[PDB]
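Written out below as structure tokens is the structure these notes cover.
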Amino acid sequence: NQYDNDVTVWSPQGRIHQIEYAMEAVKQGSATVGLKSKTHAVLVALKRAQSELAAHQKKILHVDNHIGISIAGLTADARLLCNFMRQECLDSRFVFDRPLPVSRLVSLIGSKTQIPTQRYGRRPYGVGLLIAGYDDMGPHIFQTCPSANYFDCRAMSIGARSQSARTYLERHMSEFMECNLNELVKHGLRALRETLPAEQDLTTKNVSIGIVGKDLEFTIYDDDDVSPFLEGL
Amino acid sequence: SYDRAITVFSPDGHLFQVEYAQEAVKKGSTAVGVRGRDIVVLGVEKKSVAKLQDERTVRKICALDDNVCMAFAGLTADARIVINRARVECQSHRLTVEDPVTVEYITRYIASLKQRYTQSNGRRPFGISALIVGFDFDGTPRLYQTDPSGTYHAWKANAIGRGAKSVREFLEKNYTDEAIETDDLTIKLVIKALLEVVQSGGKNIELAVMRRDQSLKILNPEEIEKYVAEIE
Amino acid sequence: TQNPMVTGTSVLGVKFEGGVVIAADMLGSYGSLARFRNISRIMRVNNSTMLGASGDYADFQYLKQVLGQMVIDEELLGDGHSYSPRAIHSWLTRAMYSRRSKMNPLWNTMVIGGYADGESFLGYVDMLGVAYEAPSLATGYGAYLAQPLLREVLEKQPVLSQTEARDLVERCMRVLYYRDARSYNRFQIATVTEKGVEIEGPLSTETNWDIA
Amino acid sequence: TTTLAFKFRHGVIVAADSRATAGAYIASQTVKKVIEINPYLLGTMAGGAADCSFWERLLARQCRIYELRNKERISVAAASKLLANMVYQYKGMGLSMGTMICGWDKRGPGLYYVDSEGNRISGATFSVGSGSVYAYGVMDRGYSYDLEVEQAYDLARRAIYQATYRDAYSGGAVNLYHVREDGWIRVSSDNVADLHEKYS
Amino acid sequence: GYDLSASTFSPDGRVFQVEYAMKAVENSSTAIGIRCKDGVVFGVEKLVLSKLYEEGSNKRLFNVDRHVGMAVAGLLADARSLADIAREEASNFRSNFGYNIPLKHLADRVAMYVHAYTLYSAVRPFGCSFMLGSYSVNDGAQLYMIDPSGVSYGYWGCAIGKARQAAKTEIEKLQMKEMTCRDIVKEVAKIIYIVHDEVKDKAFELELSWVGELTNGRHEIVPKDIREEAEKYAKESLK
Amino acid sequence: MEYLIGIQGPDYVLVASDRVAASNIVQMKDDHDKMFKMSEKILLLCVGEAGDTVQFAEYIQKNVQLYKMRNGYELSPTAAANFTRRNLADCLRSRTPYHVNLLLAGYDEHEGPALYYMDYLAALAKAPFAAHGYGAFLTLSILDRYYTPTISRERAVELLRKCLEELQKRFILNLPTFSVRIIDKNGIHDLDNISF
Amino acid sequence: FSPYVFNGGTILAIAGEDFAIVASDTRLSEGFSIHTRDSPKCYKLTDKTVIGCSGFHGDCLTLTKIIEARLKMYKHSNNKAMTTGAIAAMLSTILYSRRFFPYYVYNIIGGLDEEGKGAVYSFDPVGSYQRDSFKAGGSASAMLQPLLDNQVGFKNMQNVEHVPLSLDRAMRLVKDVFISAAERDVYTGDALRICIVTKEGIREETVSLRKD
Amino acid sequence: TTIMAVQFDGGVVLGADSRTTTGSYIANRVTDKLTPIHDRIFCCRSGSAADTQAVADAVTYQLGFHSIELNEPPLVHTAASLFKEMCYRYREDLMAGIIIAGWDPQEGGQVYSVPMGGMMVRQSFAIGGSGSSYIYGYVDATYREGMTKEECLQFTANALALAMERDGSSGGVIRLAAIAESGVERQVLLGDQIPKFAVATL
Amino acid sequence: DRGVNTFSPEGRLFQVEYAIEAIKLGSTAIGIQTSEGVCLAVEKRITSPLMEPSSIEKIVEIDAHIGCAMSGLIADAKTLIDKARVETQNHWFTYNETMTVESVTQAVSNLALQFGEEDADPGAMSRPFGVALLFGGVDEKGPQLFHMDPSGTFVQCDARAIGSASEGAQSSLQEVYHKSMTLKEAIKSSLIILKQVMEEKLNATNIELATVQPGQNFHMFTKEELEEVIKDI
Ligand SMILES: CC(C)C[C@@H](C=O)NC(=O)[C@H](CC(C)C)NC(=O)[C@H](CC(C)C)NC(=O)OCc1ccccc1
Ligand SMILES: CC(C)C[C@@H](C=O)NC(=O)[C@H](CC(C)C)NC(=O)[C@H](CC(C)C)NC(=O)OCc1ccccc1
């Protein structure tokens, strides 16, 4: 076709095929789950290793003391976006001496990601994120897509076989608000486990957890540090 | 400002433009170079005298600096541009290091220039391959070959251009410490290698040599004829 | 502003139990000439902040415009986040320091007050970027005349009520009118409380004894 | 400050006091004024401390980059030229730097003087700083290309001690370095009080 | 291949890229806006893709200024970009000319910005249609609509989305010139509920906003009590 | 201040310069060379502000050698002098002027010996003899007195000794040793130093 | 228009076997006036480093903000906190970035090294930094330095056993030197802030001084 | 120089002298310092002639384009704000103080002051120029609220005449201009028309 | 007729995929991580006897404690190596410390995928780097080994093989590798795999070997040591 080579070409159905191709690029990555309670936000990601001797790729990255993102898609675009987030947060702290609200950071991300989708010879950022953070208005979970569109979510999962996690979260969304930190982390892990095939399990070497809360700066748990949560399956 | 990607990847991972530059150098004239014990030689096959062309203005052997020369094969104009850039670089190096350039330094600079040209925007790869020979301050002779891809290797004897494979096979079969025993034997080796490709022989040969602590010298046609007669 | 043209006199500030009070005379002086006598030198940044400015009045207008536009742009978003007085103080400090570095200073000396999260805020921003927070502030000639009275009262009684703060501000303004040569009788009082920002019209120092 | 370096048969010696003053206030008496660019090359500080430190550190960075690229250690002449060309772009802007580059290249011992004023001259005996003249006196009266190693050490120590004695803005400890074909070694750091007790 | 660039004219004299952008906006949900004597009222059929999204995500009603609203349809990223542009234009107008931007002027500026993307091959047309609503004593209640082509026209009632025809049919039978905002919110809810399709679309949430005399010339969401009364009235009307 | 001198004869140019490099009050070097070899038959003598002299001379040296390699024939003394003047004049009005005083000596196969004078303002001039620095004030009179166009190189060396002896007798600065060189059809020859 | 102003302030740093002390007074001045009495000049950077800035207050604030931002950048790009030596090197680079518009700030760093032992780094406005065992900077540097050299350095005293410094003795010395300085130097007074850096954490104390 | 504007119910009354000096030499003695920015907006120029003329031309261009864009009469506040922006941005290079007065339907007659530095304040009556310092007391004492057009014209003429009498940079003729809904009624008082106040002799 | 920044329906960048394809045409390089150090081996791939083996620089030194092995387009690797060296020295100058292996890998990876056609730079890059890298060195966290591809994705690897013989060399590494391997065992295993996978016979002139250990700096084996190891194995 002649309508699926540039991002400045409209299809006769009002679709920009490159944006859906970037969406597919996001959907072909590893699965992540994010969920929030009335006092906490949890990011759970499933890391994939190229070979048995290759360290599992990291997926939860710091942004500030109150923001963290899980990535699903191109790693270079992920790092570029993370650097932009960090610079924006540092600028906000330097100028105003206050944490940057998560919603404003997501808005800036959307504005930045829009520009490529409207200019010649530029590609959308082939990465989808799950921002988790705590601001003055409580915990937040946001989802970003290469289409420069974002949504405020109670819970979400993006990546390969993420529909099973989405169905689980929808079924069990009622209890999320009134759940201790351990219960919420276990719910996120259960959502992530549903994505795995039958012959695979959640080990300490392929699970990452990111907690942010009122009295808990954003922390990344990996390796043996995720054992306490895994116990109780 | 032209900002188009002239050189791009293709399935199977080939930079087709660089392959076409290789083809261009293949279609070019023939050049030979041999590293001796105390002498470095360069040979070039003249396409045709034409009986009315000044040999002074068609030389394919040039001196980048006092201790470095190089002969090329491919498109002449790109060779001229590369020669000028290399000369400017040699002068700058002598200015800011207070020591004469080494052969390795200048070949690496030329290779870097070619790489930049095969990865930049709106510009095609260079279509020449250069044999760079000279003497370092330590007195050790050197000989390097550079390709449009930006790859440079150190050779003891190589050929580029038309009939590169045939001359290279001849050199491999007929290169030994015995053949590099004396300077005259080395020049005879270069002439013999060139004669494996050039039809007329003798008349259609351009030969230059550099000795240790001596300026680059182009052998006059009489000397080339004398060596050709000696070979036969 | 390399050369100031129309300038204001000191701006006072004292924090009480449940807000802050700022006073500034209505006067624009062109070098020993009360050219403008009905200009307000107190700004209401938002529902929980205020800003009184000394020095050049044109630069005060510029800061007023920029800060108002910032507050508006924030409100349009409607995300439930308010620029805290500390945020405005930090932004002002950064702007003044940047202008100083560029060698094009904003000739002003502002006093920022606010009430957020059940805590009073009182900041000082200088032309050169000097920033600090203290219970009492006094710019210009107030630092020599009015500040001692406020500091003595606060040291004797760290926590003051609203009426005591207002009386202290009135006394300090009276002293300034007595002793400062670029001062005016008419002045404004601004207060920030949990109820918001209120600015009192043109008051007077009629309690001016002149026993000679 | 007073720093000196002279070339003799067995290498090049480098000496320097360790006093830094801010006007008339002695900021420190333990300032290292000999920088180790590489095990076979070293420089000296004199003038503005910040300028000399920054530009010598940048010179060390550039020398390491050169070594990595060319697989051969940089020469003293190359390092001196690099520093001179790098500080020349800031001529007239107030840089107060006087340095000596000492080492052992493929051409034998080297010794170069570099100044913020643009000078770059090689030589056998050099001394830079406030006490440069006082050190020059003793160094010239006692220098000889055929000095024994201990005699060279004594000459450098005595020159720096005399410069400290006659100069107010110089003092502290006399650091002494010796360059050889196999690198440099720091031989001693003797305090001026002990040297005064030994000589007087 | 006459429809691969906004800089190419088809033989009939059409710019097919703008047509495809119009089709792209035509594939989104419906948004209606009715002008009344007091002011203007907006309504958006905010479809909910999944129950995981919070109430308020993907908001399609923006405040580009104190006194100007914005209801969008189509690609939401483009809508947000245009909203930021409108905010910038309003701020510039206030800074330079020293007073609030008239709605007609802002519509003109944003339309001209949109039109600049329908001329070159280096940029694609915006895939979003939006409406602007403002009220002031000097100027009165105003409502405008801007399409991807850049055409800006004033409207007593507008509808952008897939159900534009139905919404126009329902709006056309209202004496909006004499009714007030309070009586217009209920009608907007009725229209949104009527145009909504349940067989195709799963569920939706009603988003309302207005600006008029009751609000002192400020654009803000309709309070929860008023919105709930409007939804109850719409459900009763549908029966 | 430094010292330069040049005598142009029938078939040669004789040049000499001092070998002192003083920082403030101390002669930090005693065998400095102030002559730059531009080509096989061209010399440049530079005296002036520290840093400017070396930078300018090395830049001109690089450009001249680059010309020689690019074209295969060396630049003529007149061409080199004009090139130097053009560069200096261009840099005169910029933000990075060079405060350097020059003296260009060279030999040409056709035209013959040439001696060129150039000041920090880039005013080129050709003279049979010339000098630079505060020592010129004392040597120009001697050169005018004892100079003839048909002067042999030996007699020219004697005249240079006369000038340097006058410098030793009358000038205040210490200029003990002078480097001496001569350019002829055979190239540049380095003659014995004049020492005191 | 003068872009600089001296706001006073004294800083002190002591390095011990297993601790580091950073002390500063809490007075901010301008000319002959006093801005505040609760403006500490000790800023905490990490869990094992403290930096004390004195001089021009605006430049001090800007530098502190830059250091905080750079610490966070290094943590993000290297996934590990910076050491005291890294902070010193970065500060030296930053200060020299503005050689032609220098930071009118006197800096001092105190914290543990990689081995767990104390370390103190003293800086000049241009960037020169040296690893010292004790150092005082600011208005009363000349008044504090000699006493430290005599007592902890045991200078100019013969037949004195060089017992290693103890934390109690270090705190006593800091308090005494600051009390003595407050008696002579006008710019130093109000109150004293002491930061003790150890493996357990950073402890803070405050002892009052003269208000004159 | 002496420039003045007064505000009455329905419009404004402007007035300025007609002297342009280059030291002690009167280059122009009939200069018109009241410049029509728009149909019903006027500016009184004090300070540097070149700066004031350039600013006036720039504001005229901007305001005309603005009026064409919005099919409605301009606002006096808009002209005042444009002058304020231009003067504040280029305060270091400009030497010009301006008074802006005119009529618009929204707020009626208004007077604005834009002195050096780019301030903007609305006043009932504004004065400016070198000679304004000599009539501050007069305007303060003889100003009343709710004056009539004729009374304002007489007041402006009297105060301007005093300023011309006492200031060496002011002189010539008094150029008055009244702006209201009807239009602009321009006037020029010269010779005996200028108010006269007797001088003492002992 | 598609631009460099173009997405396939499978959510991949065509140029990056083709660059991955070009890697498979390069020489084989192996690296192994051990508690005693990191070893690196490469295949010289000599074409004619007249070529000096010493001129084939397939293992280079970034700093005194880091080395890089590469396969693919060497001319492309030169720029990345120069960037790595400059970054390491810049870090030393600014912070007076040795850059971590992960930091150098990240800095070099950021360069990849920074190519475009419109509005990039006067001399921006037009295509991805068609060369794979194998970083190895000792940091505060001990010996480390990292693998970088044209896509800019870097992962810690215990033992990785890159090049034409990657498929099969990796299998042999899986068969032979254990956590407690010693440096000599690692070197011998790498040599065995290289001998098995090379088309030509293995000798001391047609292979390169380098090691980095906590005590010793980057060391490149000479003919004597290589011959000793070859004889032993
Ligand atoms: C290498 C230097 C220490 C040599 C030393 C000479 O004795 N320099 C000096 O004493 C210079 C003299 C100046 C006129 C160049 N004086 C100085 O005061 C210099 C620079 C200031 C002017 C900002 N040193 C200075 O103040 O900093 C000393 C210092 C050094 C390290 C850490 C903390 C403080
Ligand atoms: C706005 C004007 C129409 C009013 C007029 C009345 O005083 N202005 C002036 O007279 C001002 C003097 C200024 C110091 C107030 N003079 C001017 O603007 C003159 C007028 C010439 C064209 C004859 N030109 C000018 O640029 O000023 C001359 C000058 C230049 C430098 C210093 C002092 C004076």
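Identifiers for the structure tokens are assigned positionally: chains receive A, B, ... in sequence, residues are indexed from 1 per chain, and ligands are indexed from 1 in the order shown.
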Exercise. Considering only C-alpha atoms, extract the chain B residues located within 12 Å of chain A and return them as a count of residues only.
Key: 3
Practice problem: May I have the residues of chain G within 9 Å of chain C, counting only C-alpha atoms, written as a ChimeraX atom specification? | Solution: /G:1-5,28,33-39,56-59,61-62,101
Serialized selection, N, CA, C and O atoms, as a PDB file, in the first residue's frame:
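This is the output file selection-v9.pdb:
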```
ATOM      1  N   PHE G   1      25.561  49.704  38.953  1.00  0.00           N
ATOM      2  CA  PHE G   1      24.847  48.574  39.534  1.00  0.00           C
ATOM      3  C   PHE G   1      25.811  47.475  39.959  1.00  0.00           C
ATOM      4  O   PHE G   1      26.398  46.795  39.119  1.00  0.00           O
ATOM      5  N   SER G   2      25.971  47.306  41.269  1.00  0.00           N
ATOM      6  CA  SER G   2      26.853  46.279  41.805  1.00  0.00           C
ATOM      7  C   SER G   2      26.126  44.942  41.828  1.00  0.00           C
ATOM      8  O   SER G   2      25.078  44.835  42.479  1.00  0.00           O
ATOM      9  N   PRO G   3      26.627  43.908  41.149  1.00  0.00           N
ATOM     10  CA  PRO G   3      25.939  42.613  41.157  1.00  0.00           C
ATOM     11  C   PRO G   3      26.210  41.758  42.384  1.00  0.00           C
ATOM     12  O   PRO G   3      25.643  40.666  42.487  1.00  0.00           O
ATOM     13  N   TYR G   4      27.047  42.213  43.312  1.00  0.00           N
ATOM     14  CA  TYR G   4      27.460  41.419  44.457  1.00  0.00           C
ATOM     15  C   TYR G   4      27.111  42.142  45.746  1.00  0.00           C
ATOM     16  O   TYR G   4      26.938  43.362  45.768  1.00  0.00           O
ATOM     17  N   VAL G   5      27.006  41.368  46.823  1.00  0.00           N
ATOM     18  CA  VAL G   5      26.816  41.916  48.160  1.00  0.00           C
ATOM     19  C   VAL G   5      27.255  40.868  49.172  1.00  0.00           C
ATOM     20  O   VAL G   5      26.922  39.686  49.042  1.00  0.00           O
ATOM     21  N   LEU G  28      22.305  36.357  58.660  1.00  0.00           N
ATOM     22  CA  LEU G  28      22.381  36.900  57.313  1.00  0.00           C
ATOM     23  C   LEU G  28      22.306  38.415  57.410  1.00  0.00           C
ATOM     24  O   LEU G  28      21.368  38.954  58.004  1.00  0.00           O
ATOM     25  N   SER G  33      22.958  46.166  58.489  1.00  0.00           N
ATOM     26  CA  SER G  33      21.693  45.612  58.940  1.00  0.00           C
ATOM     27  C   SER G  33      21.803  44.105  59.135  1.00  0.00           C
ATOM     28  O   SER G  33      22.781  43.466  58.740  1.00  0.00           O
ATOM     29  N   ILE G  34      20.774  43.539  59.757  1.00  0.00           N
ATOM     30  CA  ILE G  34      20.659  42.104  59.971  1.00  0.00           C
ATOM     31  C   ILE G  34      19.361  41.647  59.328  1.00  0.00           C
ATOM     32  O   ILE G  34      18.278  42.102  59.715  1.00  0.00           O
ATOM     33  N   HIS G  35      19.466  40.747  58.352  1.00  0.00           N
ATOM     34  CA  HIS G  35      18.276  40.258  57.670  1.00  0.00           C
ATOM     35  C   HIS G  35      17.520  39.256  58.531  1.00  0.00           C
ATOM     36  O   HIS G  35      16.310  39.392  58.735  1.00  0.00           O
ATOM     37  N   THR G  36      18.215  38.245  59.044  1.00  0.00           N
ATOM     38  CA  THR G  36      17.563  37.185  59.797  1.00  0.00           C
ATOM     39  C   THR G  36      18.573  36.556  60.742  1.00  0.00           C
ATOM     40  O   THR G  36      19.784  36.735  60.595  1.00  0.00           O
ATOM     41  N   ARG G  37      18.053  35.820  61.721  1.00  0.00           N
ATOM     42  CA  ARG G  37      18.870  35.097  62.686  1.00  0.00           C
ATOM     43  C   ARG G  37      18.673  33.590  62.608  1.00  0.00           C
ATOM     44  O   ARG G  37      19.226  32.861  63.438  1.00  0.00           O
ATOM     45  N   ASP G  38      17.902  33.104  61.642  1.00  0.00           N
ATOM     46  CA  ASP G  38      17.644  31.678  61.471  1.00  0.00           C
ATOM     47  C   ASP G  38      17.922  31.262  60.034  1.00  0.00           C
ATOM     48  O   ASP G  38      17.129  30.571  59.391  1.00  0.00           O
ATOM     49  N   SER G  39      19.069  31.687  59.511  1.00  0.00           N
ATOM     50  CA  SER G  39      19.486  31.331  58.162  1.00  0.00           C
ATOM     51  C   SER G  39      20.720  30.441  58.224  1.00  0.00           C
ATOM     52  O   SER G  39      21.841  30.924  58.022  1.00  0.00           O
ATOM     53  N   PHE G  56      27.966  35.485  49.189  1.00  0.00           N
ATOM     54  CA  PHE G  56      26.800  36.104  48.571  1.00  0.00           C
ATOM     55  C   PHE G  56      25.650  35.105  48.582  1.00  0.00           C
ATOM     56  O   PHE G  56      25.749  34.030  47.980  1.00  0.00           O
ATOM     57  N   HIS G  57      24.558  35.465  49.257  1.00  0.00           N
ATOM     58  CA  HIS G  57      23.519  34.484  49.555  1.00  0.00           C
ATOM     59  C   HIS G  57      22.849  33.960  48.292  1.00  0.00           C
ATOM     60  O   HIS G  57      22.582  32.759  48.181  1.00  0.00           O
ATOM     61  N   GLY G  58      22.541  34.841  47.342  1.00  0.00           N
ATOM     62  CA  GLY G  58      21.889  34.381  46.127  1.00  0.00           C
ATOM     63  C   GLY G  58      22.728  33.364  45.381  1.00  0.00           C
ATOM     64  O   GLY G  58      22.221  32.334  44.921  1.00  0.00           O
ATOM     65  N   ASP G  59      24.027  33.636  45.259  1.00  0.00           N
ATOM     66  CA  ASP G  59      24.920  32.690  44.607  1.00  0.00           C
ATOM     67  C   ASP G  59      25.008  31.396  45.402  1.00  0.00           C
ATOM     68  O   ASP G  59      25.092  30.308  44.823  1.00  0.00           O
ATOM     69  N   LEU G  61      22.587  30.043  47.202  1.00  0.00           N
ATOM     70  CA  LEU G  61      21.374  29.285  46.920  1.00  0.00           C
ATOM     71  C   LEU G  61      21.428  28.654  45.537  1.00  0.00           C
ATOM     72  O   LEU G  61      21.085  27.475  45.368  1.00  0.00           O
ATOM     73  N   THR G  62      21.846  29.422  44.530  1.00  0.00           N
ATOM     74  CA  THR G  62      21.920  28.867  43.184  1.00  0.00           C
ATOM     75  C   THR G  62      22.885  27.691  43.136  1.00  0.00           C
ATOM     76  O   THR G  62      22.586  26.654  42.529  1.00  0.00           O
ATOM     77  N   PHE G 101      32.625  35.223  35.695  1.00  0.00           N
ATOM     78  CA  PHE G 101      31.576  35.797  36.540  1.00  0.00           C
ATOM     79  C   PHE G 101      31.509  34.968  37.815  1.00  0.00           C
ATOM     80  O   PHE G 101      30.527  34.264  38.074  1.00  0.00           O
TER      81      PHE G 101
END
```
Practice problem: Produce as a ChimeraX atom specification the set of residues near ligand 2, where near means within 9 Å with only C-alpha atoms and all ligand atoms considered. | Solution: /H:1-2,17-23,25-28,31-33,44-53,95-98,129-130,169-170
Distance filter 7 Å, only C-alpha atoms, chain I against chain B, as a CSV table (one decimal) with N, CA and C atoms, in the first residue's frame:
```
chain,number,residue,atom,x,y,z
I,15,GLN,N,15.5,-0.3,9.3
I,15,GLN,CA,16.9,-0.1,9.2
I,15,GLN,C,17.6,-0.9,10.4
I,18,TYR,N,17.8,-4.5,9.5
I,18,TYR,CA,18.9,-4.8,8.5
I,18,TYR,C,20.2,-4.7,9.1
I,19,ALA,N,20.4,-3.7,10.1
I,19,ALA,CA,21.7,-3.6,10.8
I,19,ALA,C,21.9,-4.9,11.6
I,21,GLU,N,20.9,-7.8,10.7
I,21,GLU,CA,21.3,-8.7,9.6
I,21,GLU,C,22.8,-8.6,9.3
I,22,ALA,N,23.3,-7.4,9.2
I,22,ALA,CA,24.7,-7.1,8.9
I,22,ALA,C,25.6,-7.7,9.9
I,50,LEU,N,49.6,-11.7,2.6
I,50,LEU,CA,50.4,-10.4,2.5
I,50,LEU,C,49.8,-9.4,3.5
I,51,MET,N,48.7,-9.7,4.2
I,51,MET,CA,48.1,-8.7,5.2
I,51,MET,C,48.8,-8.9,6.5
I,52,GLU,N,49.2,-7.9,7.1
I,52,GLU,CA,49.8,-7.9,8.5
I,52,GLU,C,48.7,-8.2,9.5
I,55,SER,N,47.5,-5.4,12.2
I,55,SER,CA,46.8,-4.3,11.8
I,55,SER,C,45.3,-4.5,12.0
I,56,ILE,N,44.8,-5.7,12.3
I,56,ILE,CA,43.4,-6.0,12.5
I,56,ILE,C,43.1,-5.8,14.0
I,75,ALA,N,34.5,0.2,10.6
I,75,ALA,CA,34.5,1.6,10.4
I,75,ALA,C,33.4,2.3,11.2
I,117,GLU,N,16.7,11.9,8.9
I,117,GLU,CA,16.8,12.6,7.6
I,117,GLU,C,16.5,14.0,7.6
I,118,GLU,N,15.5,14.4,8.3
I,118,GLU,CA,15.0,15.8,8.4
I,118,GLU,C,15.2,16.4,9.8
I,123,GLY,N,25.6,17.5,9.9
I,123,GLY,CA,26.2,16.2,9.5
I,123,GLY,C,25.7,15.0,10.2
I,124,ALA,N,24.5,15.0,10.5
I,124,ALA,CA,23.9,13.9,11.3
I,124,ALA,C,24.1,12.6,10.6
I,125,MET,N,23.9,11.5,11.4
I,125,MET,CA,24.0,10.1,10.9
I,125,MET,C,22.8,9.7,10.1
I,126,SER,N,23.0,8.9,9.0
I,126,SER,CA,21.9,8.6,8.2
I,126,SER,C,21.4,7.1,8.4
I,127,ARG,N,22.2,6.3,9.0
I,127,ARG,CA,21.8,4.9,9.1
I,127,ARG,C,22.3,4.4,10.5
```
Exercise. Write out as number ranges by chain each polymer residue (protein, DNA or RNA) that has an atom no more than 8 Å from ligand 1, with only C-alpha atoms and all ligand atoms counted.
Key: D: 1-2, 18-23, 26-28, 31-33, 45-50, 52-53, 96-97, 129-130, 169-170; G: 121-131
Practice problem: For residue 186 in chain D, work out the shell of residues within 12 Å, counting only C-alpha atoms and skipping chain neighbours fewer than 3 positions away, then give it as a PyMOL selection string. | Solution: chain D and resi 13-16+32+34-36+39+42+153+174-180+183+189-190
